[PDB]
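Student:
Protein chains in written order, with PDB author numbering: chain A, 39 to 434; chain B, 39 to 434; chain A', 39 to 434; chain B', 39 to 434. A prime marks a further copy of an entry chain.
1) If you measure beta-carbon to beta-carbon, which residues of the stretch 368-382 of chain B are closer than 9 Å to chain B'?
2) Could you tell me which residues DSSP puts in a beta bridge with residue 124 of chain B?
3) Which residues in chain A have a C-beta closer than 7 Å to the C-beta of residue 49 of chain A'? List them in chain order.
4) Can you pull out the residues from the stretch 103-115 of chain A' whose beta carbon lies closer than 9 Å to at least one beta carbon of chain B?
5) If the cut-off is 9 Å on Cβ atoms, which residues from the stretch 291-313 of chain A' count as contacting chain A, listed in chain order?
6) Return helix, strand or coil for residue 374 of chain A', following the three-state DSSP convention.
7) In the DSSP assignment, find the unbroken alpha helix (DSSP H) run with residue 211 of chain A' in it and report its ends.
8) Using CA atoms only, rank isn't needed, just tell me which of A/351, A/303, A/400 and A/407 is closest to residue 367 of chain A.
9) For chain D, check one thing: does any of its Cβ atoms lie closer than 7 Å to the Cβ of residue 213 of chain A'?
10) For residue 99 of chain B', which residues from the same chain have a beta carbon less than 7 Å from its beta carbon, with the 5 sequence-adjacent residues on both sides left out?
11) Just list the residues that DSSP pairs residue 379 of chain A with in beta bridges.
12) Going by Cα to Cα distance, which pick from A'/81, A'/114 and A'/130 is closest to residue 67 of chain A'?
13) If you drop the 5 nearest sequence neighbours on each side, which residues of the same chain put their C-beta closer than 8 Å to that of residue 273 of chain A?
14) Quick check on residue 413 of chain A': does DSSP put it in helix, strand or coil?
15) Starting from residue 43 of chain B, find everything on chain A with Cβ-Cβ shorter than 8 Å and list it in chain order.
16) Give me, in chain order, the residues of the same chain whose beta-carbon lies closer than 7 Å to that of residue 107 of chain A'; leave out the 5 immediate sequence neighbours on both sides.
17) Whole angstroms are fine: how far does the CA of residue 64 of chain B sit from the CA of residue 338 of chain B?
18) Any beta carbon from chain A' within less than 7 Å of residue 245 of chain B''s own beta carbon?
19) DSSP three-state label for residue 319 of chain A, please.
20) Which residues in chain A sit within 7 Å of residue 331 of chain A', going by Cβ to Cβ distance?
21) In the DSSP output, which residue or residues are listed as bridge partners for residue 229 of chain A'?
22) Once the 5 residues before and after residue 270 of chain A' are set aside, which same chain residues still bring their CB inside 8 Å of it?
23) Give a yes or no on whether 7 Å exceeds the smallest Cβ distance from residue 411 of chain A' to chain A.
24) By Cβ distance below 6 Å, which residues in the same chain neighbour residue 294 of chain B in space, the five residues on each side in sequence not counted?
25) Could you tell me whether any Cβ in chain B is nearer than 7 Å to the Cβ of residue 239 of chain A?
26) Do residue 203 of chain A and residue 303 of chain A have their beta-carbon atoms positioned less than 7 Å apart in this structure?
27) Using 10 angstroms around the beta-carbon of residue 187 of chain B', count the other beta-carbons present and answer buried if the total reaches 16, otherwise exposed.
28) Would residue 79 of chain A' be called buried (16 or more neighbouring beta carbons within 10 Å of its own) or exposed?
29) On the CB-based measure, 16 or more other CB atoms within 10 Å of its CB, does residue 249 of chain B' come out buried or exposed?
30) Taking a Cβ distance cut-off of 8 Å, strictly less, list which residues of the stretch 114-129 of chain A' are near chain B, in chain order.
31) Rounding to the nearest angstrom, what Cα-Cα distance links residue 216 of chain B and residue 162 of chain A in this structure?
32) Using a beta-carbon distance below 7 Å, is residue 343 of chain B' in contact with chain A'?
33) Out of A/151, A/50, A/109 and A/90, point me to the one whose CA is closest to residue 402 of chain A's CA.
34) Relative to chain A', which residues along the stretch 71-83 of chain B have a C-beta separation below 7 Å, given in chain order?
35) Starting from residue 355 of chain B, find everything on chain A with Cβ-Cβ shorter than 9 Å and list it in chain order.
36) Looking at C-alpha atoms only, which residue of B'/148, B'/45 and B'/56 is the closest neighbour of residue 406 of chain B'?
The following block contains the structure:
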C-alpha cells in the first residue's frame, strides 16, 4: 500500500446561469388554492395575488440569504436592504428554494455564478414589470419578456440564454467556451463567432451563398442579430436601440429570433412600452422604489398575504443564515416526458428529493467546469524520494 | 419533504482508451533495484530483465482478471487461455493496477473500454516487439512505435490517439464526437472531417490558400494524412500501406509527425523493422505462440527472476476475482510540474492514493460520458397525481 | 487575528561539500595516547596505527550509515558492502561524527550534497594512498594530495575546492553560482568564467595587458589552469594528463596554483607515483580490494586496534540506523584565533556542543541555499475570498 | 559529551529597506467597506477616506512605537512629538503591523533599519503628497512617485530601490555589497560601479561598443543615469536637479525607466508637480505642519470617520510598548502566483500567520547579514587546556 504525502481537500468552482421561464407560469396557474373552499372569497381578486406570491422570497430572503452571502461574495446591504420575509410562501419556496438552491456538491466540484448584480436587478424588474402591469399575459408576451432575456444595462446574462440558440442549430459545429463571452463586444460578430466561428461552421450549417437575394434569411442574420447584439445595443439607449434590437428582434428578424426567442409582442408591447430603461433604470428604481414598494407589496404579503390568517398551511421563511441555500443538483435539467415521466440527472443529485423535485423545478443552464484542484507542492518529496523509498521495498 | 415515487439507482456508462507512453520507460529505467547490493550480480544481464517485468500481469492477470471479465464481460478463453501469475510484479503492478484500473465511480456514472480484442492484441505485440528485439530503444524508437499507435488490423484505438492531434491544434474549432469515428472509413474522412469539419474549421485554423505551391503543411496535410488513414491503410497490407502509412508518417509529413508523436526511428526503424503483419496476426501469433512463449518468458520469469527469491520483496498473483480491478479514478491525467508539483483535474479520486500516484499517474484516454440515466416509468403516478396530492396540502 | 489557510511544513534542500585538510593531521598527531603509560609498548610501531584509526568509520559506518541512506538516497550495497565497524574509534568518531554529521536543521532549511559516488571513492583512495604508502608525509605532500582535490574520474568535487581560490582573489567581482559548475566542460574557460566572467572581472582584478611578455604570470593563467582543468584533464588519462595537470599544477604554474593549491611534490611524488588511475582506478579497486583489505586493515582495527583490549577507553560504534547522523551545524566554519579563541557560527548551531565542537571539527564549504518552500495552492481560497471575509469584519 | 566553556548567546545584526509599492493600492482599493450597506452613505465622499486610512498609524504609532524606539533606539521627540491613535485602523494595521513589523528572529540572527530620519520624512511626504493632491492617481503616477524612490534630501534609501534595477539585468555580474553605497558620491559612481564594476561586468552584459552613434541605451545610460544620480542630484536643488533627474528619468532614458519603475505621469506629472523641495523640507513641513495637520487629518479622522462608530468593527490604538512591533519574518517576499498561489523563500516565518499573509505579504528590501557573532574570549581556557583534559580521557 503506497501512500506518499496524501491529504484530502474540498473545493468549489464552476458556472451558473438563470432563466425566466414558463415555469413560473406553471407554479402560478393557481392550483395551490383556487379550488379551496373556506369562503375566503370575501369580495376579492385572486388573479395576481397568487402569481406574485413567491417573488419577494425567491430572490433575497431565500436564495440571496445563504447562497449569495455565504458564497464568499461580499454583499452590499443595498441589494438586501430590506431583508424582509414573506409568509405567503405557500408550499412553493422552502420547496422552491430546495428546488433552486445554488450550491453544487463538493464531493464533486461545482458552484454557482453569473452576475448577481444584473440578474436580480432584472428579476426585481420582472417582478414589477409583471406583477404590476400585466399580471398574466397568457404565456405569450410576459413569458417572452422573461425568456427574451430582456434588454440589458450592458451586463445581463442574456448572452448565455442566447448562446443556447446558436449552438443548438450548429450540430456539425461545437464551439470553444470563448463563444460564451459572445454577449457584448463590437468584435464578437466581426471576428470570432459570426465570421471565423461561422464562415467556418456557419458556412456549413447554412451555406446559402445566395446571389442578388441577400443571404440573411438563412441563419446569417442570426449572426447579424448577433452582430446587432454586438454593435447596436451597447451603444446606449437612443431608443432605436429597442427599435434596432426590436428590429433585430422583429422586423423580418422574426425568422432570426425564432430559434431561441419569444414573441415580438413582448418587444413592442413590453419592451417598447417598458422603455429601454425598464431593465437598467427600472431595476435600480425597482430596487429603491419597487423594493421599498416591494414592502408595500410585501405588505401585500404581510397584509394581503397575511389576511390568509385562517386556512392554516402557510408559514414559510422562519430562518436563514442557518437554513442555508446550496446543495441541490436541480441543475442539469435533463428531463423528458413520454407516456411516462423519465428524469435523467447528469449529476448524482439525490434520492428522496429526486422524484419529489420534479413537481416543478429543475434549475438553469449551468456551464459546468470539471475542476478538482488537487494541487501539490513538491518541496518535501521530490517524486524520486518517494520512488526511491518505495523502490527500497522492491529490491529486498 | 413530500413523497413522489423515489428510489436509488446505480449506473455505468462511458468510454475508455489507453496509450503506450514514455511512462513505461520511467517505470523500467531500472530504479527498482539497479542500486541494490545483494550480490545478486552473479546472474548475468539486467537490462531487459527489469523492463520486461512490465507485461505479463498488467494485461491479463491484473486488468483482464477483474476489469475485463467482471465488467459484465463474459470473456473468451482464447485471450485468457492462460491466467498468469508473475511474482516479479515489483512494487509496480499491485500498485500499477491500483494505478491503472479500468473502472469509474458509480456515485458518479462512468466506465471504461473500447476494443479489448485489438488493444491487448497490440500490447502483447509490443511486449514481444519490444521485449524481444532490443529491449530499450532509448525513448526514441520503441516509444514511438507504442505512442505511434502503430499499424492496425483495422480496429486499433489509434484513431483516438490520433484524434488527440487534430483537436489540440484547432482552437476555435470544437468537434462533434462524430470526429471520434473518423478513424476508419473511406469518404467520410474527406466529407465530415477534412472537408466539412475542415473547409469550415480547417479553412480557419490555417487558411493558406496557397497557389501553384500545393498546400504543403498548414492543416492541409494532417487532413491528407487523415485522408490517408481513411483510404490507404484499410485497403490491406503490403508496402502500399506501410510505405503509404510511412509515406504519410515519414517524409513531407515531417510536419504531421510534429503534431502527434514520431521519430525517424519508429517509422524507418520500427516500422521498417516489423512487417505490417507485426500488428495483425502478430497480435495473433503473439497470443498463440508469444503467449505460449509468454509462458517461456513467464516460466523463465517464474524460473529465472524467480530465483530472486533471495532478497525478499516480491509476491505472487493469487487470482483477483476477489481483489477486483476497478475503482481508481485514473480519469483526467493528474499532472503539472512547475518547481513544485500540481496534481489537477476532475475525477474526485481519492485522498491517500492521490499523491501516492506519483509512482504512476494512471491515464485512460477516456472520452467521458455525463450519463446518469435516472430512467423512470410512471404507469402508477402520472406526475399530475402527485400534483393534486401535494396541491391538496397547500390549500388547507 | 487573521488566520486564513495556515499549516506548518518542514523541508530540506541545500548543498554540501567536503575537503581533506591538515585537520586530520591534527587529529592524528598522536595526542590521544602517545603519552599513555600502560606498557602497551610491547615491541610495536605506533606511527600509522593512530592516524589510520578513524578512516573505516568516518565514511561508511558513521556518516554513510544514517546521513547517506536516511537522506532518501537509494544506496547500493556495493559502497557499503562491508558495513563493518571499528572499535578503535577512540574519542574521535562518535565525536567526529557529531563533529561532521551531514544534516542541517529543518527549523531553518538546509541539507547535504556533493557526489557521494566520487567523494568516498577518493576518500577510500586517500585512506589507501595515505595509510599504505607514506603514513605521515609531514603536512607537506600528503595534506597536499588531500587538499589538492587530487585527480578525478571526471566527477570529483574538486571544482568547488578550486572555486574557493578564484573567488578569494576577485574582491571586486562576485559570481553567479553558475561558476560552481566550473569544474568540467570544454567551454567553462572559453566562455563564461575565464573570458566573460574574467575579461570583465579578471580584466580588473589583474589587468596586466602585458606586451611581448605573455600575460599568464598575472592570474590569467589561473584562468589558463582553469582552462586546463576545462580541456586537458577531461580528455582522459594520456598520462600527460598528470603532466599537463601537473604542468598546470607545477611547471611555472606554481605561481598559479599557489592561491589555493598545495606543494607540487604531492603531484610529482604523489600524483605521478600514484598513477592517474589512483583516483578512479584506485578508488574502485580500493573499494573492492582495499575495502576488502579495508577489513584486513579493519582487522587492524579489530585485531591490531583490538589488541588495545586493556586501557579501557575504546568502545565506539555500537549502533547506527537508530543513532542517526545529521543535525550539527558544524558547517560554516567561521572560526578565528587571536590571543583568545572566537568561534562565530553563522547558523544558530548549538550551546553545549559549541565550545566543545571546536576541539577539532568544523565541516566543509557548503554552498548554502536559502530555501523555505512554503508553497500554497489557491484552489479553495482565492485571496479575495479571504480578504472578502476579513473585510466583512472591517465594515461593521 | 565533554565540556569546554559553553554558553547561550542571543544576537542581532542586519539591514532593512522599505518601498512604496502598488501594494498600498490593493489595500486602499476600497474593498474594506465599499460594498457595505449600513446607510452610512449619508456622509459624502469615500474616495480618499479609505486610502488615507493607510498612514498615521503605519509609521509612528504602529511601527515607530516598538520597532524604532525599542530597537535600542532612543528616539527624538520631534519625530514622535505626537504619538498617534487612529481607530480607523481597519483590519489593516494591527494586521498590517503584524505584516510589516521591523524585526527578525534571534533564533536566527537579523534586524532591520537604515535611515528612519529620511524614510519617514518621505513617507509623511507621500501621505501629504498623495493624501492631499488627488487621492488616487490610478496606479500610474502616484505609484510611480512612491516606487520612483522620489527625489531626496541627500540620504533617501533610493540607491537601494535603484540597486534593484542594475543587479537584475547583470546576470553573470555579481557585485560586492560595496555597490550598495553607490547611491551617493561623485566619482566613486564612475570608478567602482560604472567603470570598474561595469567596463568589467557592463562591457559584458551589453558590450555595444557603438561607433559614431553614442552608446544610447544598452547598459550605457543606466550607468549614466547612475553617474547622474552620483553627480547632478547631490549638488543641490533647482531645475538643474529635477530637470537633470527628470532628464535622467525622462527622455532618452525611456530605456532606463523601463528597467526600474516609471510613467511619464510621475516624472512629468508628479515630479513637475512637487517642487524638488517636496521631499526635503516638505519632509520637514510635513512633520511640523503636516504632522500637526496630520492632526487635523487625524482629528478629522478621530472626528469624522470616527463617526463611523455606528457599524462596529474598528478599535483604538492603546500604545504598544507592551504590544511590541517586531517578530514577523517579513523577510524575502513570499509571492508567486500560477493558477494556484505559492508562498516561497527563506525566513522560517510562521505557521498560522503564513498563509494569512495573503492580505499583505510584508516585504522589507532587506540585505540580509548572515551574522552569528559567537564572540568568545578564552583568557581561562587556551583551547589546548581542554585538549589535554579531553586528551586525558582517551588515553586510559
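Heads up, the beta-carbon is just placed ideally off N, CA and C, and yes, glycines get one too.
Tutor: Inspection of the coordinates gives the following:
1) 374, 376, 377, 378, 380 and 382
2) DSSP, once it has assigned bridges, lists no residue as partnering residue 124 of chain B.
3) Those are 417 and 418, listed as they occur along chain A.
4) Of all residues in the stretch 103-115 of chain A', the ones placed with a Cβ closer than 9 Å to any Cβ belonging to chain B are 112, 113, 114 and 115, in chain order.
5) none
6) strand
7) First-last for residue 211 of chain A': 211-213, but that is the beta strand (DSSP E), not the alpha helix (DSSP H).
8) Nearest of A/351, A/303, A/400 and A/407 to residue 367 of chain A, Cα basis: A/400.
9) No chain D is part of this structure, whose protein chains are labelled A, B, A' and B'.
10) The answer, listed in chain order, is 121, 122, 123 and 355.
11) A/375
12) The option with the nearest alpha carbon to residue 67 of chain A' is A'/130.
13) 279
14) Correct three-state label for residue 413 of chain A': strand.
15) 393
16) 113
17) 24 Å
18) no
19) helix
20) In chain order: nothing, as chain A lies at least about 28 Å away.
21) A'/232
22) 279, 282, 283 and 286
23) yes
24) 259, 260 and 263
25) yes
26) no
27) So residue 187 of chain B' counts as buried.
28) That one is exposed.
29) Per the 10 Å Cβ criterion, exposed.
30) 114, 115, 116, 117, 118 and 119
31) 44 Å
32) Residue 343 of chain B' does not count as touching chain A'.
33) A/151
34) 73, 74, 75 and 76
35) Result: empty, since nearest Cβ-Cβ is about 16 Å, beyond 9 Å.
36) B'/148
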